[PDB]
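Chemist: Protein chains in written order, with UniProt numbering: chain U, 46 to 56; chain W, 35 to 196; chain H, 55 to 136; chain P, 18 to 192; chain G, 29 to 197; chain S, 9 to 51; chain D, 30 to 251; chain V, 3 to 97; chain C, 66 to 103.
For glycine and all other residues, C-beta sits at the position ideal for the given N, C-alpha and C.
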Amino acid sequence: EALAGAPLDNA
Amino acid sequence: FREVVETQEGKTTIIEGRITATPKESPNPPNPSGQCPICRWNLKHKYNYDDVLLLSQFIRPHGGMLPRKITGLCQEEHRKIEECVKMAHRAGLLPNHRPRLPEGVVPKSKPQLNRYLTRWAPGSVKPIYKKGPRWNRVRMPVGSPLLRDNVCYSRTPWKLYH
Amino acid sequence: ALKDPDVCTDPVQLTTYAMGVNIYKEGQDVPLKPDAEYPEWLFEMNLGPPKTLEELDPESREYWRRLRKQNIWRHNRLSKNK
Amino acid sequence: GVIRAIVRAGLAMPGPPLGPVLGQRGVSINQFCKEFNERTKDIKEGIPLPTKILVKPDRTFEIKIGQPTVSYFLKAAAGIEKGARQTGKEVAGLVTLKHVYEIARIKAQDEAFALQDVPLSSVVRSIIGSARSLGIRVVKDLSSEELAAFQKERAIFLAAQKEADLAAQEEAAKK
Amino acid sequence: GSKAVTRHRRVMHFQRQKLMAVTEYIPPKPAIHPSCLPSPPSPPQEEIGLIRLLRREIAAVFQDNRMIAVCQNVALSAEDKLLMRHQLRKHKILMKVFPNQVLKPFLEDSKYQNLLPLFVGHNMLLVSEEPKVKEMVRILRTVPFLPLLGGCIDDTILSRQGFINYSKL
Amino acid sequence: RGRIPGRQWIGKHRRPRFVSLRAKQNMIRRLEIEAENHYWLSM
Amino acid sequence: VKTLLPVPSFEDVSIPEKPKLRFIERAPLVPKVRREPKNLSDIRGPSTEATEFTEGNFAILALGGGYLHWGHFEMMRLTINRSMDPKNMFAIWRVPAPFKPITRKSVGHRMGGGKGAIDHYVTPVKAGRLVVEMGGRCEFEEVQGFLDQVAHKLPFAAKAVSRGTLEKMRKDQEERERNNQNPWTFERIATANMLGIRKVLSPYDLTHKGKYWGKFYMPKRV
Amino acid sequence: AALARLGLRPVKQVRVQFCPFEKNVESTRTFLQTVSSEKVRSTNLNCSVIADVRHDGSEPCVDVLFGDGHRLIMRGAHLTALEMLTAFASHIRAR
Amino acid sequence: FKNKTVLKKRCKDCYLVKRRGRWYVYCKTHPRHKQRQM
RNA sequence: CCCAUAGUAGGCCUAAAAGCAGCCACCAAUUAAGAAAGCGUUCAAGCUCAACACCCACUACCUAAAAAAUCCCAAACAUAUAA
Ligand code: FES
Ligand SMILES: [K+]
Ligand SMILES: [K+]
Ligand SMILES: [K+]
Ligand SMILES: [Mg+2]
Ligand SMILES: [Mg+2]
Ligand SMILES: [Mg+2]
Ligand SMILES: [Mg+2]
Ligand SMILES: [Mg+2]
Ligand SMILES: [Mg+2]
Ligand SMILES: [Mg+2]
Ligand SMILES: [Mg+2]
Ligand SMILES: [Mg+2]
Ligand SMILES: [Zn+2]
Numbered sequence: 046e047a048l049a050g051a052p053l054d055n056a
Numbered sequence: 035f036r037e038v039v040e041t042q043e044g045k046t047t048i049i050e051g052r053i054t055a056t057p058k059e060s061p062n063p064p065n066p067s068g069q070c071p072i073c074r075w076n077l078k079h080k081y082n083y084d085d086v087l088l089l090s091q092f093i094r095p096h097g098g099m100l101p102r103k104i105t106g107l108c109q110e111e112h113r114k115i116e117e118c119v120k121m122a123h124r125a126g127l128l129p130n131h132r133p134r135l136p137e138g139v140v141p142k143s144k145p146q147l148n149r150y151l152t153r154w155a156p157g158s159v160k161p162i163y164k165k166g167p168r169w170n171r172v173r174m175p176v177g178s179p180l181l182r183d184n185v186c187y188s189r190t191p192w193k194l195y196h
Numbered sequence: 055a056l057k058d059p060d061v062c063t064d065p066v067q068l069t070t071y072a073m074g075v076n077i078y079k080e081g082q083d084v085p086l087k088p089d090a091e092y093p094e095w096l097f098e099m100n101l102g103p104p105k106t107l108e109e110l111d112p113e114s115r116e117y118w119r120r121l122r123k124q125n126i127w128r129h130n131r132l133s134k135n136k
Numbered sequence: 018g019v020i021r022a023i024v025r026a027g028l029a030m031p032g033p034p035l036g037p038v039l040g041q042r043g044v045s046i047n048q049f050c051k052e053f054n055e056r057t058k059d060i061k062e063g064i065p066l067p068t069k070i071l072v073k074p075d076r077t078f079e080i081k082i083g084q085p086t087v088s089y090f091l092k093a094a095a096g097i098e099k100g101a102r103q104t105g106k107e108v109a110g111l112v113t114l115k116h117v118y119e120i121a122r123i124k125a126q127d128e129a130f131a132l133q134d135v136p137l138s139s140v141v142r143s144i145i146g147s148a149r150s151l152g153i154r155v156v157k158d159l160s161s162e163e164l165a166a167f168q169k170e171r172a173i174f175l176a177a178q179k180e181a182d183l184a185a186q187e188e189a190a191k192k
Numbered sequence: 029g030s031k032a033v034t035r036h037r038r039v040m041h042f043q044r045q046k047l048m049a050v051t052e053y054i055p056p057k058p059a060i061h062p063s064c065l066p067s068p069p070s071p072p073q074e075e076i077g078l079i080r081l082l083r084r085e086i087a088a089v090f091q092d093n094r095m096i097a098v099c100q101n102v103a104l105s106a107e108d109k110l111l112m113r114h115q116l117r118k119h120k121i122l123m124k125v126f127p128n129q130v131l132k133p134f135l136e137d138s139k140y141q142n143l144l145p146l147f148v149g150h151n152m153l154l155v156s157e158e159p160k161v162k163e164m165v166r167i168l169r170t171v172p173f174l175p176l177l178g179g180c181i182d183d184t185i186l187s188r189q190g191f192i193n194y195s196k197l
Numbered sequence: 009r010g011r012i013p014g015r016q017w018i019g020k021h022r023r024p025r026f027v028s029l030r031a032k033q034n035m036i037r038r039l040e041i042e043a044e045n046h047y048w049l050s051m
Numbered sequence: 030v031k032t033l034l035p036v037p038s039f040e041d042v043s044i045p046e047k048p049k050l051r052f053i054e055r056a057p058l059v060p061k062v063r064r065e066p067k068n069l070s071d072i073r074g075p076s077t078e079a080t081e082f083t084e085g086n087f088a089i090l091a092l093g094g095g096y097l098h099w100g101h102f103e104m105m106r107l108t109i110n111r112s113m114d115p116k117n118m119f120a121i122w123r124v125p126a127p128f129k130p131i132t133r134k135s136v137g138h139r140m141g142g143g144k145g146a147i148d149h150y151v152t153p154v155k156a157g158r159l160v161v162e163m164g165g166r167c168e169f170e171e172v173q174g175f176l177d178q179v180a181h182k183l184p185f186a187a188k189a190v191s192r193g194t195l196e197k198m199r200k201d202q203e204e205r206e207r208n209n210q211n212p213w214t215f216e217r218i219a220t221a222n223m224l225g226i227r228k229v230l231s232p233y234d235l236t237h238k239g240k241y242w243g244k245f246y247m248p249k250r251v
Numbered sequence: 003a004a005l006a007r008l009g010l011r012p013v014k015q016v017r018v019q020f021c022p023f024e025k026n027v028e029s030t031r032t033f034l035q036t037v038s039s040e041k042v043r044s045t046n047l048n049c050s051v052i053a054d055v056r057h058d059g060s061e062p063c064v065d066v067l068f069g070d071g072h073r074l075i076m077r078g079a080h081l082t083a084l085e086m087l088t089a090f091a092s093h094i095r096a097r
Numbered sequence: 066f067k068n069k070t071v072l073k074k075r076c077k078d079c080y081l082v083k084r085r086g087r088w089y090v091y092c093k094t095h096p097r098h099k100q101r102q103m
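Here's what the structure looks like:
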């Protein structure tokens with residue numbers, strides 16, 4: 046349901 | 035609580051905040067239904083100015099007063115505790131809590147006058163040169179009128195004006 | 055000494071051309087387009103008094119703006135004597 | 018600073034009241050008048066134009082000229098010299114929704130509406146409100162005979178107003 | 029020898045004064061002060077129709093517009109803010125502002141739960157039906173003081189660098 | 009310096025008098041006695 | 030979100046032709062050749078006339094007794110006609126023109142020789158009588174300022190009130206009398222002649238119930 | 003408007019780095035809004051305000067470089083906007 | 066200072082403060098607004 | 001406490017009336033702002049308020065004084081179970 050969080054720029 | 039540290043490191047001032055351990059309310063209050071700590075612990079109408087162990091829990095390290103919203107007290111208890119804290123400061127019952135003094139400022143020697151139940155500031159009132167007749171006598175206020183509802187074990191009620 | 059220029063008084067010219075629109079010396083009067091070339095919402099525009107709060111839908115932004123304007127008027131009336 | 022004022026096209030003069038303001042703020046009155054006349058040469062004289070003057074710290078002025086006032090547009094469209102005194106009661110002029118739409122098309126080129134990118138429906142509604150404020154009633158459709166009859170009635174009403182003004186002037190002279 | 033009606037408050041007889049003192053109003057006193065007792069909650073009023081319309085508008089915008097981005101609305105001048113809004117409208121980026129109180133339930137009960145921390149403080153939405161991220165980014169860069177708080181493009185939450193790279197994609 | 013014009017307890021201006029707690033108690037006691045008298049005369 | 034609320038229906042009220050207060054004469058047109066005794070009972074006790082609203086929504090209520098003369102009438106009239114809105118507000122009197130003759134002897138006269146000549150006229154006012162009543166397309170918050178100014182400048186105690194405020198005051202007094210926890214009351218003691226208190230009380234106290242003392246009315250007495 | 007009245011004349015540059023996904027950047031963003039207010043920026047046109055929105059996850063920071071060459075660092079992890087503004091004003095007055 | 070019984074703020078710049086046991090309406094933009102409680 | 005664009009200087013009078021000397025209307029743009037509530041300008045600019053937004057200020061909601069003349073006037077006390 047809920048959209049996944051934005052991946053970290055470091056990763 | 036929270037503390038703020040300022041360090042001038044290499045001509046570059048750094049301001050930082052850190053979280054220190056904070057006290058928590060003692061478990062199992064006698065009156066959980068109370069809306070303030072005083073009524074939760076059944077201290078309503080059961081404390082005076084000399085209860086430093088109670089007054090010190092609502093004051094700043096330098097002798098100031100904490101916000102009512104932060105403390106959680108009601109307006110009446112907040113005002114009563116503020117008056118009691120003022121009286122305790124005037125009576126010198128909080129030696130650790132003293133006003134902050136700027137560096138290099140040493141207070142001059144002043145006469146020492148022991149006092150208690152001081153309602154007004156010492157340097158605000160004027161001498162009663164004319165007391166007036168008995169039916170219009172100028173009474174000297176003693177204590178705080180806000181504490182008139184405190185429990186009075188003695189038959190004679192508290193005299194708030196001498 | 056400085057006033058608006060002369061205005062057209064011919065009813066036929068007023069009803070067939072946009073004399074008010076015509077403002078440039080070189081430009082001529084623009085003839086009025088027919089109903090086919092004019093949109094429907096133009097003829098659906100309100101021409102009478104502003105719609106009342108009861109007429110406006112309770113959930114409509116027009117209703118809420120009207121209520122806000124009424125509240126502003128009430129505040130102004132209250133503060134006028136103050 | 019910003020000076021916003023209504024200046025008639027091609028009628029800029031170095032006299033008051035705009036001249037003193039430009040002199041106080043450092044704007045060359047003659048230069049402003051010349052530039053305004055040059056930029057409004059193609060526009061018929063007597064047309065009121067909003068003008069925004071931006072004054073930079075080095076005492077140089079930049080002028081922006083907007084579209085003519087909707088009041089003037091409606092007056093010229095309805096052939097009206099002076100608007101209604103008691104607006105909403107006396108009908109000074111009569112215009113059509115076609116005239117309103119044309120004036121909305123012309124006025125939509127103004128910077129104020131262009132920046133907001135508001136619909137021509139909103140522009141038409143604004144013009145309708147302006148006409149209501151002026152006192153010019155707006156009808157959906159108007160015929161030549163109806164307009165002529167309205168013009169005759171308005172001429173009679175203006176004659177009555179002139180008689181009332183003469184009576185008031187006589188009363189003031191008696192006072 | 030004063031009369032029954034006098035300009036000053038006439039001195040009463042001592043017995044009458046004692047009677048007045050005795051027959052004084054004694055207000056009722058509750059055993060426990062009401063403020064020191066639990067207060068049952070009061071049901072709030074129904075949801076405002078304006079709030080419902082705002083919720084419907086927010087749902088419609090999030091359902092229709094593809095490019096959705098959150099930007100902290102810095103206190104720019106009105107003229108410059110209107111100019112930037114017009115520049116965005118040139119590329120159909122319709123800036124929208126909705127109250128956080130109304131917006132929070134929609135995010136909590138919708139797919140945008142992870143976007144909640146981005147809406148603290150003054151915030152606006154640079155939303156467009158079609159992805160115009162490059163134009164949005166350059167318009168954001170035109171004002172260095174005005175920041176870009178990431179956002180979510182096509183139901184995919186991205187950071188500011190993700191928005192930067194999406195245009196390059 | 010505190011003078012009452014004329015006689016203290018008579019005249020336009022008089023020395024003020026104030027009700028005491030024991031006076032109130034005595035009046036209340038007498039009122040209770042008279043109320044009991046009313047009750048016993050009631051029958 | 031700001032909670033907008035409906036505006037009141039003040040616009041339903043219609044303003045009469047003459048909104049401003051009419052001029053009050055110093056003396057009646059027909060002179061009074063019959064001097065009258067100093068009847069002080071006309072400002073003593075509760076008001077039995079003009080105690081309710083008739084055509085207005087706000088009023089100036091008198092909480093005490095006194096006499097209004099031409100100076101007071103002029104002050105009220107000028108203040109109200111200057112601070113009022115003719116288009117939205119209208120005001121009317123509830124007190125008559127000064128009619129009671131008042132006699133004054135010459136300066137330096139001794140006692141004796143006869144009653145003095147008539148000097149001026151006053152209007153007796155009791156506690157509870159409305160003085161000026163206002164209404165129209167307005168609210169009490171828009172009139173309270175100058176109404177309170179006039180009440181303060183009045184010779185007796187007065188207050189600007191409305192229908193709601195007056196009803197609330199009366200209900201509060203009734204509630205106080207109902208829930209008073211003191212078993213002894215002035216009215217009961219006076220009626221029963223307990224402790225022989227009627228030897229020092231007044232015959233009018235049997236109706237005043239200890240709430241009135243001369244021209245002074247104590248709202249705190251229950 | 004104490005900050006606007008004091009001005010940014012001795013301030014060469016202000017930079018604010020914060021991660022919007024974090025929850026401790028509230029005070030930092032409030033400080034950024036206060037500094038980026040039109041009056042404060044118009045007081046000193048030379049001073050520039052820079053915003054660094056990153057998903058790194060580092061604690062929010064504020065770096066102010068003054069005209070004297072000195073720097074002021076304020077970490078918003080456990081600092082409030084009012085305290086940061088007070089420190090900023092004090093350092094502006096000092097420089 | 067001017068002695069008054071009912072202290073009022075003649076302007077928004079005026080602020081009330083209790084010093085030496087008496088109230089004072091101080092002001093800086095308009096120093097004539099300064100008032101002392103009687 | 002923070003901010004406050006715009007049809008438009010609404011028409012009507014006036015040499016001039018621009019929200020704020022008078023008369024009438026009192027609509028409408030922007031999600032958000034009165035054809036203007038209180039200052040200001042000869043008139044304009046220039047200033048707060050009612051706006052939007054951020055966001056728990058969780059306002060007390062009682063009003064208010066004083067001065068004479070030989071020298072103020074018992075001394076004192078807020079704490080031990082109403083007598
Ligand atoms: S202690 Fe109980 S209400 Fe405050
Ligand atoms: K006497
Ligand atoms: K009085
Ligand atoms: K005017
Ligand atoms: Mg007698
Ligand atoms: Mg004597
Ligand atoms: Mg005009
Ligand atoms: Mg005007
Ligand atoms: Mg003016
Ligand atoms: Mg609007
Ligand atoms: Mg306007
Ligand atoms: Mg202005
Ligand atoms: Mg405001
Ligand atoms: Zn002042």
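Along chain G, in chain order, which residues have C-beta atoms closer than 8 Å to that of residue 134 of chain P?
Modeler: Stepping through the fourth sequence from its first residue, residue 134 of chain P is reached at position 117. Going along chain G in sequence order, the residues near residue 134 of chain P (Cβ under 8 Å) are 114, 117.
Chemist: Check each candidate in P:97, P:180, P:164, P:122 and name the one with the smallest Cα separation from residue 92 of chain H.
Modeler: As a working mapping, residue 92 of chain H is identified with position 38 in the third sequence. It is P:122 whose Cα lies nearest to the Cα of residue 92 of chain H.
Chemist: So what's residue 148 of chain D in DSSP terms, helix, strand or just coil?
Modeler: Your numbering for residue 148 of chain D matches position 119 in the seventh sequence. Strand, per DSSP.
Chemist: Nearest chain C C-beta to residue 140 of chain W closer than 8 Å, yes or no?
Modeler: Mapped onto the second sequence, residue 140 of chain W falls at position 106. Closer than 8 Å: no.
Chemist: Flag residue 12 of chain D as yes if its beta-carbon sits less than 8 Å from any beta-carbon of chain S, otherwise no.
Modeler: Residue 12 of chain D cannot be examined here, being either before or after the span of chain D that is shown, 30 to 251.
Chemist: Do residue 69 of chain D and residue 186 of chain D have their C-beta atoms within less than 8 Å of each other?
Modeler: Working through the seventh sequence from its first residue, we reach residue 69 of chain D at position 40. Working through the seventh sequence from its first residue, we reach residue 186 of chain D at position 157. No; because the gap between Cβ atoms is not below 8 Å, this pair is not in contact.
Chemist: Taking 7 Å as the cut-off, is the CB of residue 167 of chain W close to at least one heavy atom of ligand 2?
Modeler: Stepping through the second sequence from its first residue, residue 167 of chain W is reached at position 133. Checking the Cβ of residue 167 of chain W against ligand 2 gives no.
Chemist: Which whole-angstrom value is the C-beta distance of residue 101 of chain P and residue 153 of chain P, which I expect to be below 8 Å?
Modeler: Here residue 101 of chain P corresponds to residue number 84 of the fourth sequence, with the count starting at 1. Here residue 153 of chain P corresponds to residue number 136 of the fourth sequence, with the count starting at 1. Confirmed, Cβ separation roughly 7 Å.
Chemist: Classify residue 125 of chain G as helix, strand or coil using the three-state DSSP reduction.
Modeler: Here residue 125 of chain G corresponds to residue number 97 of the fifth sequence, with the count starting at 1. Three-state DSSP puts residue 125 of chain G in coil, outside helix and strand.
Chemist: Just the Cα atoms here: how many angstroms apart are residue 70 of chain P and residue 91 of chain P?
Modeler: Indexing the fourth sequence from 1 puts residue 70 of chain P at position 53. Indexing the fourth sequence from 1 puts residue 91 of chain P at position 74. Between residue 70 of chain P and residue 91 of chain P, the C-alpha separation is close to 26 Å.
Chemist: Let me check you understand the geometry: is the CB of residue 114 of chain W closer than 7 Å to at least one non-hydrogen atom of ligand 1?
Modeler: Along the second sequence, one-based indexing puts residue 114 of chain W at 80. No, the Cβ of residue 114 of chain W stays beyond 7 Å of every heavy atom of ligand 1.
Chemist: Spatial neighbours of residue 240 of chain D within its chain, please: CB distance less than 7 Å, with the 5 preceding and 5 following residues excluded, ordered by chain position.
Modeler: For the purposes of this step, residue 240 of chain D is taken as the residue at position 211 of the seventh sequence. Taken in chain order, the residues that qualify are 246, 247, 250.
Chemist: Can you pull every residue whose C-beta falls closer than 6 Å to some heavy atom of ligand 3, listed in chain order?
Modeler: Here the residues come out as D:181, D:183.
Chemist: Based on Cα-Cα distance, which residue from V:89, V:96, V:86, V:4 lies nearest to residue 1 of chain V?
Modeler: No information on residue 1 of chain V is available, as it lies outside the stretch 3 to 97 that chain V covers here.
Chemist: Return the CA-CA distance between residue 74 of chain P and residue 35 of chain V, expressed in angstroms with no decimal places.
Modeler: On the fourth sequence, position 57 is the one that residue 74 of chain P refers to. On the eighth sequence, position 33 is the one that residue 35 of chain V refers to. Distance between the alpha carbons of residue 74 of chain P and residue 35 of chain V: 28 Å.
Chemist: Enumerate in chain order the residues of its own chain whose CB-to-CB distance from residue 160 of chain G is below 8 Å, with the five nearest sequence positions on each side excluded.
Modeler: Against the fifth sequence, residue 160 of chain G aligns to sequence position 132. Around residue 160 of chain G: 95, 119, 120, 121.
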